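Here is the structure we will look at, set down as structure tokens.
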Amino acid sequence: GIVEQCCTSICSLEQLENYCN
Amino acid sequence: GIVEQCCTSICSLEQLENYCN
Amino acid sequence: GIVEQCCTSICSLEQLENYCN
Amino acid sequence: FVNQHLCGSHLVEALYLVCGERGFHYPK
Amino acid sequence: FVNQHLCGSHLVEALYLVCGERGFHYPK
Amino acid sequence: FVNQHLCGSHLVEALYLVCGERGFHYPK
Ligand SMILES: *C(=O)COCCOCCNC(=O)COCCOCCNC(=O)CC[C@H](NC(=O)CCCCCCCCCCCCCCCCC(=O)O)C(=O)O
Ligand SMILES: *C(=O)COCCOCCNC(=O)COCCOCCNC(=O)CC[C@H](NC(=O)CCCCCCCCCCCCCCCCC(=O)O)C(=O)O
Ligand SMILES: *C(=O)COCCOCCNC(=O)COCCOCCNC(=O)CC[C@H](NC(=O)CCCCCCCCCCCCCCCCC(=O)O)C(=O)O
């Protein structure tokens, strides 16, 4: 999940952008 | 639900006000 | 839960601080 | 007054602004 | 110091302010 | 660009900032 990618690992802007409306 | 009223449809201020404390 | 302590009762700063990362 | 759908975080922003110092509960 | 009940979004605002740059987890 | 883990509220702050006026959905 996004929680996993970004808290356990380091995520990129693009990975965050996938959650924008 | 409020998610439904306001994302699927257009909700009014009064509909939003029902969720204020 | 923190919701309980702090909405039903009055909680202290220290109680809130326990939820900080 | 509202002319937009309020999806995801937009609904939370709307409630924050509408409810002011009262605060709000969401999504229930 | 706290003299109010902190219900709904008010608890989240409190945690945001108390925890500062540390951030927080909620409601668990 | 991202050099930090984004845990708890920090991830929500990041999405708020990244997504701008689009808004976002979270955690799903
Ligand atoms: C399900 O629960 C079954 O139904 C029967 C039992 O439950 C009934 C309802 N649930 C309850 O827990 C009881 O509620 C009773 C009524 O209480 C009053 C209303 N409160 C709630 O319902 C509490 C529910 C709670 N939380 C929420 O709903 C609130 C969540 C809001 C999150 C979003 C808020 C974001 C705030 C943003 C602030 C950021 C500040 C940034 C400032 C920067 C400014 C600058 O720098 O310039 C729950 O856990 O569900
Ligand atoms: C249940 O999970 C079963 O228990 C066992 C397994 O789970 C254990 C806990 N859950 C986990 O996922 C693991 O957690 C381990 C500990 O990690 C560190 C803490 N983080 C979490 O717990 C993550 C949980 C996560 N999310 C949250 O708790 C955070 C949610 C916060 C939402 C509210 C934040 C609002 C921020 C507002 C910012 C807006 C900025 C506005 C600026 C405008 C300013 C201006 O214009 O001037 C979860 O998914 O539960
Ligand atoms: C699970 O659902 C099963 O999967 C199949 C069915 O579900 C599919 C997804 N769920 C849906 O409901 C349908 O979604 C379809 C796609 O819709 C578009 C995206 N939206 C959502 O997914 C809606 C999900 C919804 N909510 C969220 O995800 C959003 C929650 C965000 C909370 C945090 C936002 C904080 C905002 C902070 C603003 C504070 C302003 C402070 C200003 C002060 C400034 C100053 O003073 O200077 C959900 O309920 O899950």
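Proteins get letters first, then strands, A, B, ... in listed order; numbering begins at 1 in each. Atoms within each ligand, like the ligands themselves, are counted from 1 in listed order. When reading the values below, keep in mind they use all heavy atoms of this one structure, side chains included, and skip hydrogens, waters and symmetry mates.
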Inset, instruction - Given side chain to side chain contact (heavy atoms under 4.5 Å, CB included), test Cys6(A) with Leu16(A) step by step and report yes or no. - result: CA-CA 8 Å; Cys6(A) 301; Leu16(A) 293 167; 3.9 Å; yes
Please tabulate, one line per pair, the protein N or O atoms found under 3.5 Å from any N or O atom of ligand 3, giving the distance to one decimal.
unit_1   : atom_1 : unit_2   : atom_2 : d
ligand 3 : 2 (O)  : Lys28(F) : NZ     : 2.2
ligand 3 : 4 (O)  : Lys28(F) : NZ     : 3.1
ligand 3 : 26 (N) : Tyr26(D) : OH     : 3.2
ligand 3 : 28 (O) : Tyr26(F) : N      : 2.8
ligand 3 : 28 (O) : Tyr26(F) : O      : 2.9

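Residue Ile10(A) is tested with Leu6(F), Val2(F), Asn3(F) for a side-chain contact (heavy atoms from CB on, under 4.5 Å); the sole match is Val2(F).
A donor-acceptor distance shorter than 3.5 angstrom exists from the side chain of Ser9(D) to the backbone of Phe24(F), with no hydrogens or angles considered. Panel note: side chain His5(F), backbone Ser9(A); a donor-acceptor pair is recorded below 3.5 Å.
Under the ring-ring contact (aromatic ring centres under 6.0 Å, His included) criterion, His25(F) pairs with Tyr19(A), not counting sequence neighbours.
Nearest heavy-atom pair across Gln15(A) and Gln5(A) is NE2-NE2, 3.5 Å.
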